Amino acid sequence: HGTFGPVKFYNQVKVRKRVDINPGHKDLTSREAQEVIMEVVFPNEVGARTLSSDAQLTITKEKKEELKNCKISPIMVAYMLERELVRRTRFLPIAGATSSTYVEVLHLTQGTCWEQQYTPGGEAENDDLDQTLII
Amino acid sequence: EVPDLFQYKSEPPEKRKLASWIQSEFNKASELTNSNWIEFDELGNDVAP
Amino acid sequence: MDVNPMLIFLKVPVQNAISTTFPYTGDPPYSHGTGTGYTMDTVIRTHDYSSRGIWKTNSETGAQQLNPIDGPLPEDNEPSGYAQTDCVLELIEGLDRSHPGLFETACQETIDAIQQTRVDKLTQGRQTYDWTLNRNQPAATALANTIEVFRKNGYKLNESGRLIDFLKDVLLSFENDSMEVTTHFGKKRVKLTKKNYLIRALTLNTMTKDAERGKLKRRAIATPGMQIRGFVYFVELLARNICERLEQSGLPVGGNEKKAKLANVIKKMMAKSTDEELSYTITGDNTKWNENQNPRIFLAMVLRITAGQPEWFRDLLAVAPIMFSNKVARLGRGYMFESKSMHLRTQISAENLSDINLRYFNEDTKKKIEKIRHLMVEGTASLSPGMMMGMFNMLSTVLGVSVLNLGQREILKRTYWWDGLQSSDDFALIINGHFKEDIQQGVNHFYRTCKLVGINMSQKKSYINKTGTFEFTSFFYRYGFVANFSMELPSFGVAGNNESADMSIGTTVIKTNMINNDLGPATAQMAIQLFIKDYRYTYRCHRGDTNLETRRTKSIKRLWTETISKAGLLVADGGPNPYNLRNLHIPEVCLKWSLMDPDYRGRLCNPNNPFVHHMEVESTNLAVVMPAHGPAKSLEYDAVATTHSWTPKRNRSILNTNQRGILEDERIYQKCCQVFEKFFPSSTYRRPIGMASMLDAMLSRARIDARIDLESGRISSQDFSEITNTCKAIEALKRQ
RNA sequence: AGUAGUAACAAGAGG
RNA sequence: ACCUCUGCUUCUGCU
Ligand SMILES: Nc1nc2c(ncn2[C@@H]2O[C@H](COP(=O)(O)OP(=O)(O)OP(=O)(O)O)[C@@H](O)[C@H]2O)c(=O)[nH]1
Ligand SMILES: Nc1ccn([C@@H]2O[C@H](COP(=O)(O)OP(=O)(O)OP(=O)(O)O)[C@@H](O)[C@H]2O)c(=O)n1
Ligand SMILES: [Mg+2]
Ligand SMILES: [Mg+2]
């Protein structure tokens, strides 16, 4: 659902910074993710303590509801949940938009001498828009 | 006890000097022929400009 | 006209065409046969650089131990190990003063780490010297062997599961009169003497480094045993925690982050300079870094960094340096000999070198053996000086950085000053001053200070120029970092993991290089085409409509003729290549999902298939790659698990050896672990905790699972009873 | 012989 | 002779 505009040619400094690399994370720490994934995939092995956060709780229910009767290996389900739920970053040379949905297609939109104007399909984050509005 | 039992030869290589044939080979390597030597596999269709 | 590619440099700046100077389309150099020669070389050189120091005989091992610390000062520019304790201490104090609270914090974190670290952390190493066998083994196998032999000889604090308790066992094991191990003639109990055991504990095995680029000649590397590894781990963690907060440290930051840090350092420097100052940069390397590092100095560093901290922790961290001061090197595999006259050949061992007749050897090797004889002890070579390759990368980095830290204007108060960045022995030093004479003096001050702490700048490897261009570990800066695509060429190919992992790795490599190493779009397209061909030939998964003959042709042709939507077949199933620039980041299975005959898709993605060998979340979709330069890297890849996610067969050579029994032990262990996981699925995700036996946990779980299944109606009352019955019979059978 | 290149291969091990 | 097994496994390290 992406849209392509023109390619332009110019020199631009691509400055190295840390950027987000996985759109759709739920901004959990690894211990909150673990806690959640334990509840979702292996509930009876949770141990003593349980989830304070309400974010944790509504994710759990959603995921728990999405993945009932699931016969894909629990290893892959936990692996994917961990990849999805935790914010991951990387240092990349990046000239333009730093949002994760743009980072994801950096190889496509940015070259040494070119920009391929592009808009990914889907909604922006309200956070990203607010941030861009200020800039 | 074998008298000539000895460590394997472990010396520097024998030296050799430049000859004209290597430059000549390289000249020929950089030249056009009238054959296409490399066949490339297919790509997905081009979409982005 | 004679063609000369070098003439491009008449027009194109060397950095802008640097890619062409890296010949990484050919096989890199390999050693053949023994490394014993290279081991003797490093042992000899290491002593030579420290030769004016003091010899002692070790009370416990009998090893001859050379101590060059606080020895006579260098008198020329030859590599020196005569590091001076008081100078090191001044530098470390300087680092403490520049960074108040840094030592305390890094110590605090290291303490927490010591309390929390599990024994199984040591499973993360690669090939490890295994003293119970006097042979190398995978890290986990080496750990298990140590634990097992320890417990049989009465050391088992490590049963706690805490690394620190295993460390206690290690020190306590040295009090034993005679450590019993078993060798395989069937099975024989062998008793090591206290001295034997300690020598093995203090051993680093040695071998030669293969596949290293950029060098005519080979060199030796080393692998420590399990007695050493847990202590080194914590010293290097402490040092890492410090390095992370030093602006002058190049570790542990990696590629892009390293470049960002270097660029910041230049920017910082220039802002702090006056307009009237000259600025020069040394592209810097050190001679024989590891051979001139000294365990006694590391001991000093550790005691000074941990000043004011609890004494148990200071003493725990001091262990690694002490062990290194007392280390020995196994001398490798020995040599082979040959008789022309009798057309025969034979292997002698490294141990034979103690007393073999010298007539068998070339003059060079005879001289080496003569020199090494006074160091040999129960088959090893005493090596008190040096650290050996890469053993304390981070702590050694702290030493180099401490010299960089000295260069502040307010410390020197000279007509010059310096700053820079250091990673191990590699550095960029920026020297500023009013005139060229100031620069020279500053460079001499830096160089001579380094000498005083056993750091020896390589004169032939280093050079200087006005600031603006420089090189740092194959990153080229010309008023900003330029690309070096050729460094990455070896990574363009079929990785050899499996069909699923390799497709994802191959497309990602292309994409990453477009982003990071200026791989232009046309060449990226051609990279896709070249990869697909290599994948098809490697895996014999030519497109279903082709007429090549392989062992796979007929079965792939049937799949093809029978398929309705061929565009949905994976390449490994004889399908077409879907990739272009825009979709390199999309796993093939996703990309083709909507185009797949539903039956193929349901087979391909059948979770019940017998091909996929899942193991652990933490090692899921992980490959190991060996880059052209530097250590092995773990590589994450994005892929759907399918029947293409298979595992190639294991090596079978051990079947012909006395060690074949190990295969059986592994099979048994795996069977026990597998069944355990049928009761505790979460154990594939996180590691389970407990002092309970595997059996007890499985019994408790079966019972209470069967009860909930009963109430919830997942199971009959008959089934349920048989489960609790089976449990009771297991309970009983467990009493003989 | 040839590969190679500081030490190896030119099958090893076992029966 | 001939038989059997093996093709990274006595040798691939460190942050
Ligand atoms: N600990 C450790 N350090 C390494 C390793 N590989 C390289 N280094 C260090 O990193 C430095 C940079 O390597 P490169 O510049 O890529 O290669 P090089 O051939 O040593 O360097 P040049 O002299 O620039 O040709 C080396 O000189 C070492 O100091 C490794 O596997 N382990
Ligand atoms: N594969 C490698 C390469 C390097 N090193 C570490 O990096 C240091 C610097 O490497 P290098 O400059 O290549 O070698 P030196 O030991 O300094 O020797 P020289 O420069 O004189 O060749 C080594 O001493 C060692 O501690 C390592 O552990 N593993
Ligand atoms: Mg060096
Ligand atoms: Mg170096």
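Heavy-atom basis, side chains included; hydrogens, waters and symmetry copies ignored. In what follows, every chain begins at residue 1, and chains take the letters A, B, ... in the order their sequences are listed. Just so you know, ligand 1 is whichever comes first in the structure, and atom 1 is the first atom listed for that ligand.
- Proximity of atom 25 (O) of ligand 1 to the protein is not indicated, since no non-hydrogen protein atom lies closer than 4.0 angstrom.
- Classification of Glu257(C) and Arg90(A) as a salt-bridged pair fails, no side-chain N sitting under 4.0 Å from a carboxylate O.
- Within a 4.0 Å radius of atom 3 (N) of ligand 1, the protein has no heavy atom.
- Atoms of ligand 2 found under 4.0 Å from any heavy atom of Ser424(C), numbered from 1 in the order shown, are 7 (O), 8 (C).
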Legend entry - Stepwise side-chain hydrogen bond (donor to acceptor under 3.5 Å, both in side chains) test for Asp70(C) and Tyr82(C): CA-CA 6 Å; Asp70(C) 309 318; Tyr82(C) 309 110; over 6 Å; no
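- Contact of the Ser249(C) side chain with the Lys261(C) side chain is registered, since non-hydrogen atoms from C-beta on lie closer than 4.5 Å.
- Checking only distances, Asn286(C) does come within under 3.5 Å of ligand 2, N or O to N or O.
- Salt bridge annotation for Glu78(C)-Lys288(C): absent, with no cationic side-chain nitrogen under 4.0 angstrom from a carboxylate oxygen.
- What sits closest to atom 7 (C) of ligand 1 on the protein, heavy atoms only, is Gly630(C) CA, 4.4 Å.
- Within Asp425(C), the N/O/S atom positioned nearest the Mg ion (ligand 3) carries the name OD2.
- The minimum heavy-atom distance between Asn362(C) and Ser10(B), with the atom names listed, is ND2-CB, 4.1 Å.
- Nearest residue to atom 28 (O) of ligand 2 from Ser458(C), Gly386(C), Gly390(C) is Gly390(C) (criterion: closest heavy atom).
- For a threshold of 3.5 Å applied to N or O pairs, the pair formed by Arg219(C) and ligand 2 contains at least one separation below that value.
- With 2.8 Å as the limit, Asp285(C) counts as an N, O or S neighbour of the Mg ion (ligand 3).
- In terms of polar-atom proximity, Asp426(C) is counted as a contact of ligand 1, with an N or O under 3.5 Å from an N or O of the ligand.
- Without hydrogens or angle criteria, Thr46(C) side chain to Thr42(C) main chain gives a donor-acceptor distance under 3.5 Å.
- Shown in contact with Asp285(C) at under 4.0 Å from a heavy atom are these atoms of ligand 2, numbered in order with element: 12 (O), 20 (O).
- Aromatic ring centres of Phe470(C) and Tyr280(C): separated by at least 6.0 Å.
- In summary, the atoms of ligand 2 found under 4.0 Å from a heavy atom of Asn290(C), numbered by their order in the structure, are 16 (O), 23 (C), 24 (O), 26 (O).
- Distances from ligand 1 to the non-hydrogen atoms of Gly214(C) include no value under 4.0 Å.
- Remark: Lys258(C) is not positioned above the aromatic ring of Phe475(C), lacking an NZ or CZ atom under 6.0 angstrom from the ring centre and at most 45 degrees off the axis.
- Closest heavy-atom approach to atom 2 (C) of ligand 2 among the candidates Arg45(C), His629(C), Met389(C), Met391(C): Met389(C).
- At least one N/O/S atom of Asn286(C), from backbone or side chain, sits under 2.8 Å from the Mg ion (ligand 3).
- Salt-bridge formation is detected for the pair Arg52(C)/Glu75(C): a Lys NZ or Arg NE/NH1/NH2 atom is positioned less than 4.0 Å from an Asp or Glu carboxylate oxygen.
- Nearest protein neighbour of atom 20 (O) of ligand 1, counting heavy atoms only, is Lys215(C) NZ, 4.0 Å.
- Taking a cut-off of under 4.0 Å to the non-hydrogen atoms of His629(C), the atoms of ligand 1 that pass are 14 (P), 16 (O), 17 (O).
- Side chains of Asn405(C) and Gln248(C): a donor-acceptor N/O pair is absent below 3.5 angstrom, by distance only.
- The shortest N or O to N or O distance between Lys209(C) and ligand 2 is not below 3.5 Å.
- Within a 4.0 Å radius of atom 22 (P) of ligand 1, the protein contributes no heavy atom.
- The N/O atoms of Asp425(C), backbone and side chain alike, include one that comes under 3.5 Å of an N/O atom in ligand 1.
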Inset, instruction - Kindly determine whether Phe446(C) and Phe427(C) satisfy ring pair (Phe, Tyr, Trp, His ring centres under 6.0 Å), including the steps that lead there. - result: CA-CA 12 Å; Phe446(C) 168 82; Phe427(C) 67 97; 5.5 Å; yes
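- There is a side-chain donor-acceptor pair under 3.5 Å between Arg330(C) and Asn134(C).
- Scanning all protein heavy atoms for the shortest distance to atom 1 (N) of ligand 1 gives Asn393(C) OD1, 2.9 Å.
- Not a single protein heavy atom sits closer than 4.0 Å to atom 32 (N) of ligand 1.
- Looking at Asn456(C) and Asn286(C), their side chains never bring a donor and an acceptor atom within 3.5 Å of each other.
- Closest heavy-atom approach to atom 21 (O) of ligand 2 among the candidates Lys288(C), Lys461(C), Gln293(C): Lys288(C).
- Close approach to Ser474(C) involves these atoms of ligand 1, each under 4.0 Å from a residue heavy atom: 14 (P), 15 (O), 16 (O).
- Partner of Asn205(C) under the side-chain hydrogen bond (donor to acceptor under 3.5 Å, both in side chains) criterion, out of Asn136(C), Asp130(C), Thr380(C), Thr39(C): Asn136(C) alone.
- Ring orientation note: the planes of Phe298(C) and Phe392(C) are tilted relative to one another, at an angle of 30° to 60°.
- For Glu471(C), the closest heavy-atom approach to ligand 1 falls below 4.0 Å.
- Close contacts between ligand 2 and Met387(C) involve ligand atoms 26 (O) [criterion: under 4.0 Å to a heavy atom].
- With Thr469(C) contributing its side chain and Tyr477(C) its backbone, the two residues share no donor-acceptor pair below 3.5 Å.
- Using a 4.0 Å threshold on non-hydrogen atoms, atom 17 (O) of ligand 1 counts as touching the protein.
- Counting only heavy atoms of the protein, atom 10 (O) of ligand 2 lies nearest to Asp425(C) OD1, 4.0 Å.
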